[PDB]
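[1] So I pulled this structure from the PDB, and the sequence comes with it:
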Amino acid sequence: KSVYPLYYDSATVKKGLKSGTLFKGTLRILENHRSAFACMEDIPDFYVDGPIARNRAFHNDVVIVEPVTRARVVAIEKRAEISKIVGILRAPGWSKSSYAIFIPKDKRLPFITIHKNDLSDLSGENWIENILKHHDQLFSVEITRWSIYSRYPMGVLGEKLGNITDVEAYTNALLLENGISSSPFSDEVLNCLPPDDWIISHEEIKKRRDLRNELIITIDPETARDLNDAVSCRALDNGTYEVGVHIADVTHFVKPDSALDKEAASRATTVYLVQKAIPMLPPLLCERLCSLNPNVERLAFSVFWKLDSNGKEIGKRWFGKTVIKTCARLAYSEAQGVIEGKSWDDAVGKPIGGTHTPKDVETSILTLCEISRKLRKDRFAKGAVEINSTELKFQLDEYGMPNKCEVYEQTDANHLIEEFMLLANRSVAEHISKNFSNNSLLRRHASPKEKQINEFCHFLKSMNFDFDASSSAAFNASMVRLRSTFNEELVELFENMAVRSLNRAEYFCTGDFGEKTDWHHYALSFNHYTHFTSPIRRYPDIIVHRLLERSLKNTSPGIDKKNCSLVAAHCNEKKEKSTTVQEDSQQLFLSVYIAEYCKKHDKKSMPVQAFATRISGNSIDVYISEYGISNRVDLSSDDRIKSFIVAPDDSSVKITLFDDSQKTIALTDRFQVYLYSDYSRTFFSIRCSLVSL
RNA sequence: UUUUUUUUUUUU
Ligand SMILES: [Mg+2]
């Protein structure tokens, strides 16, 4: 007897769809398994309990369910590509010969059966012994077939990624999950490279604008090796300034349809991890020839504006190929120190090649900072949205183990660079959209989804607050009132929920959207925007560089609307996967940090302060702002606790202990919890407990 | 575990 029911016929499925019985939506399987939801955007979402009702479906699988808000899967319309199944292997029947038991890291993926002695590195006689010997080794499996007469599918074990306790092996496994190429560059791509001893041609120096003698700097963080941006300011004889943005001319090295170009389009973006980084381009270009290192002549595209003390564009812009030699390289911290009024030797402490005096650079930094402050105030006043977001910055020891973990605050220098990069991006977008209105690669951000914003508004209604989503400007105004209404940590949580409410930003080809009103950036309130200020780490910036060059030459776009759409979609998906990878890396290093804290301070958990976001059934969702993480204190897992009572309103929960001290805690209350890195389960899992371990 | 929304922007 088949464990699962047969998928209905195509005609029967269509008939049921016209009969209101059948339904169609995406599927989201929950981490705790057995529980899944048919994600229907309009009609109420449906629930699914048990893999029997799941009928051999996976996460993000567009499926056709039938009501049996519960429902049974009867047809799969589309399957999302399962990018590898990394995990571990356990002996058959582990506390007995049989098929090997593969356990994926994603709990959403069911167990897998590895056929009799299926392997190459541990297959043969004594296979069980080899499994046990390599039990603490992460491996990877592929799916081969799922027999309806088996509750689990089957699959071949791939390459052994390696020690689970090895951070780098876990990293390689995570890369494998989201399909990010960690292999070295192909020898043909290296053959595409120019000679390493390439020198600046006098012909090219005359063909371009010679800004070498100018004062140009690169404000980038301390741990930066690929420099793309360069800012400059020019005091004009009147009250105005000529501000310039200079971006490494990668397209001068990367030529269309070359093997280098193909690998760049394949990787789409540079993936940045905590301990290392996967580059999009080979290091010769990414770290030497194109990187805007100090005191080196470099070929770069440049955009100039004429702005007043308020930052309004008074004079005509200028676009063109230039050759520049940056006066100095700066860190964001040192730039902030300069802005705060300190002396160059007290903050930066670097030599400034050229006639440029220290006070010249100081004046330039302060001028650019004031202009950037004015432009940021105007941008937010125009209708933009201010979200600070969260990111976990780690300081590592010589061995790579996390010694420090902290939240990142953006100082005024960060916004200084940010505003001018945004200005450059917007100007380039406007120009290339005006010229090549059919084959232009820009970025868009539509209005937020009504569903998420309604949920967030109801959450604020629970906290007796109203959010006007009628406009981005009203959204930001409600955010400001909220910040002036609650404590800063609650406000941080609210910013988290706000960024959740936003819609996914995406690249696009102007030809696909007939109406120009659809080319808009809701959060930035811009009418035109693209990515152009980072061509060494975002292939869309390479495409935009080529489009800008052609627009200055008034020639053809050289790229087809369809091909442009392909590049846009591929790069959007690659950016999704890269974001996920970086977040998971941060999570991994946070777990290792908690483990090191427990080891050094002779405890089993780290004590932290947390705010109670939700009180449901037998658990409480808590947010730890010190590390910007959302965990759950399971009232059931707390066996040390004696009992509890949740009221029908879920706004307060009373607690009773064995020492008979009863005490009640409500929503948005600040209380202490403990974070511990559970390694007893198969993989790294940060868990939170109310009681100290 | 067994009820769910994880996406603005800069730099890296
Ligand atoms: Mg930079």
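    Done, it's in. Numbering: from 1, shown residues only, chains lettered A, B, ... in the order given.
[2] Need the phi and psi values for the closest residue to residue A:355 other than its chain neighbours.
    Of all residues not flanking residue A:355 in the chain, residue A:213 sits nearest, at 7.6 Å (CB to CB, 6 or more residues apart in numbering). (C-beta placed from N, C-alpha, C; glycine too.) The phi/psi pair for residue A:213 (degrees, to the nearest 10) reads phi -70, psi -10.
[3] Can you give me every residue that contacts residue A:213?
    A:325, A:354-355 (CB atoms under 8 Å, 6 or more residues apart in numbering).
[4] nearest to RNA strand B, of those?
    residue A:325 (17.3 Å; CB to the nearest atom of the strand).
[5] give me the number of residues near that closest one?
    A total of 20 residues lie near residue A:325 under the criterion other CB atoms under 10 Å.
[6] That one touches residue A:212, doesn't it?
    Yes. With contact defined as CB atoms under 8 Å, residue A:325 reaches residue A:212; the gap is 4.2 Å.
[7] Pull up the overlap in contacts between the two.
    Contact criterion CB under 8 Å, 6+ apart; residues shared by residue A:325 and residue A:212: residue A:297.
[8] Closest to residue A:236 out of the contacts of residue A:213?
    residue A:355 (18.9 Å; CB to CB).
[9] Next to the ion, which bits of the stretch 551-693 of chain A? Give me the list.
    With the criterion set to CB under 5 Å from the ion, the stretch 551-693 of chain A never comes near the ion.
[10] how about the residues of the stretch 551-693 of chain A that lie near RNA strand B?
    Residues of the stretch 551-693 of chain A found near RNA strand B (CB under 7 Å from any atom of the strand) are A:576, A:579, A:583, A:616-617, A:619, A:632, A:634, A:636-637.
[11] are any of the residues you listed buried, and which?
    A:619, A:634 (16 or more other CB atoms under 10 Å).
[12] which residues does residue A:352 contact?
    A:327-328, A:358, A:361 are the contacts of residue A:352 under CB under 8 Å, 6+ apart.
[13] List phi and psi for the residue of chain A at minimum distance from the ion.
    The minimum distance from chain A to the ion, using CB to the ion, falls at residue A:220 (3.7 Å). Main-chain torsions, residue A:220, degrees, to the nearest 10: phi -140, psi 160.
[14] tell me the contacts of the residue lying closest to it once chain neighbours are set aside?
    Leaving out its chain neighbours, the residue that sits closest to residue A:220 by CB to CB, 6+ apart is residue A:227, at 5.7 Å. Residues in contact with residue A:227 (CB under 8 Å, 6+ apart) are A:218, A:220, A:248, A:291-293, A:329.
[15] What about these, which one has the most neighbours?
    residue A:248 leads the contacts of residue A:227 on contacts (other CB under 10 Å) with 29 neighbours.
[16] unless I'm mixing things up, that one is touching residue A:228, no?
    Yes. Taking contacts as CB under 8 Å, residue A:248 lies within contact range of residue A:228: 5.3 Å.
[17] do you know how far the residue nearest to residue A:220 is from residue A:637?
    Counting by CB to CB, to the nearest Å, the separation of residue A:227 from residue A:637 is 48 Å.
[18] just checking, which of the residues of the stretch 551-693 of chain A next to RNA strand B belong to helices?
    A:576, A:579, A:583 (DSSP state H).
[19] Let me have these in JSON lines, extended by distance to residue A:608.
    Conversion of those to JSON lines gives the following (distance: CB to CB, whole Å):
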{"residue": "A:576", "distance to residue A:608": "30"}
{"residue": "A:579", "distance to residue A:608": "25"}
{"residue": "A:583", "distance to residue A:608": "20"}
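[20] Of the contacts of residue A:227, just say which sits nearest to residue A:48.
    Using CB to CB, residue A:220 comes nearest to residue A:48 of the contacts of residue A:227, at 48.2 Å.
[21] Which residues of the stretch 401-550 of chain A lie near RNA strand B?
    A:410, A:414, A:417-418, A:421-422, A:425, A:443, A:445, A:451-452, A:455, A:499-500, A:502-505, A:521, A:523-524, A:531, A:533-534, A:537.
[22] could you flag which of those are buried?
    Among those, those that count as buried by neighbour count (16+ other CB under 10 Å) are A:414, A:417, A:421-422, A:425, A:443, A:445, A:452, A:502, A:505, A:521, A:523-524, A:531, A:533-534, A:537.
[23] Please flag which of these sit within strands.
    residue A:443 (DSSP state E).
[24] With adjacent residues omitted, what lies nearest to the residue in the stretch 251-400 of chain A positioned nearest to RNA strand B?
    RNA strand B sits closest to residue A:389 of the stretch 251-400 of chain A, with a gap of 3.1 Å, by CB to the nearest atom of the strand. Closest residue in space to residue A:389, ignoring its immediate chain neighbours: residue A:499 at 6.3 Å, by CB to CB, 6+ apart.
[25] and residue A:210, backbone torsions?
    According to degrees, to the nearest 10, residue A:210 has phi -90, psi 90.
[26] of all the residues of the stretch 551-693 of chain A next to RNA strand B, which two lie farthest apart?
    A:576 and A:636 (34.1 Å).
[27] how about the helices in the stretch 301-450 of chain A?
    Taking DSSP state H, counting those that start in this stretch as the criterion, the stretch 301-450 of chain A carries its helices at A:332-339, A:344-347, A:358-382, A:412-435, A:450-462.
[28] Let's have those in JSON lines, adding distance to the ion.
    Formatted as JSON lines, the helices of the stretch 301-450 of chain A follow (distance: least, CB to the ion, whole Å):
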{"stretch": "helix A:332-339", "distance to the ion": "10"}
{"stretch": "helix A:344-347", "distance to the ion": "19"}
{"stretch": "helix A:358-382", "distance to the ion": "15"}
{"stretch": "helix A:412-435", "distance to the ion": "7"}
{"stretch": "helix A:450-462", "distance to the ion": "32"}
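[29] Figure out which of these is closest to residue A:260.
    Comparing the helices of the stretch 301-450 of chain A by CB to CB, helix A:412-435 comes nearest, at 22.8 Å.
[30] List, one by one, the residues from the stretch 101-250 of chain A near the ion.
    Within the stretch 101-250 of chain A, the positions near the ion by CB under 5 Å from the ion are A:220, A:229.
[31] Grab the nearest non-local neighbour of residue A:338.
    Of all residues not flanking residue A:338 in the chain, residue A:365 sits nearest, at 4.8 Å (CB to CB, 6+ apart).
[32] hang on, the earlier thing: the residues of the stretch 551-693 of chain A next to RNA strand B into JSON lines, with extra columns for distance to residue A:381?
    Listed next are these as JSON lines, based on distance: CB to CB, whole Å:
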{"residue": "A:576", "distance to residue A:381": "32"}
{"residue": "A:579", "distance to residue A:381": "29"}
{"residue": "A:583", "distance to residue A:381": "32"}
{"residue": "A:616", "distance to residue A:381": "40"}
{"residue": "A:617", "distance to residue A:381": "45"}
{"residue": "A:619", "distance to residue A:381": "43"}
{"residue": "A:632", "distance to residue A:381": "40"}
{"residue": "A:634", "distance to residue A:381": "45"}
{"residue": "A:636", "distance to residue A:381": "50"}
{"residue": "A:637", "distance to residue A:381": "48"}
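[33] Bridged to residue A:65, which residues?
    residue A:23, residue A:73 (DSSP bridges).
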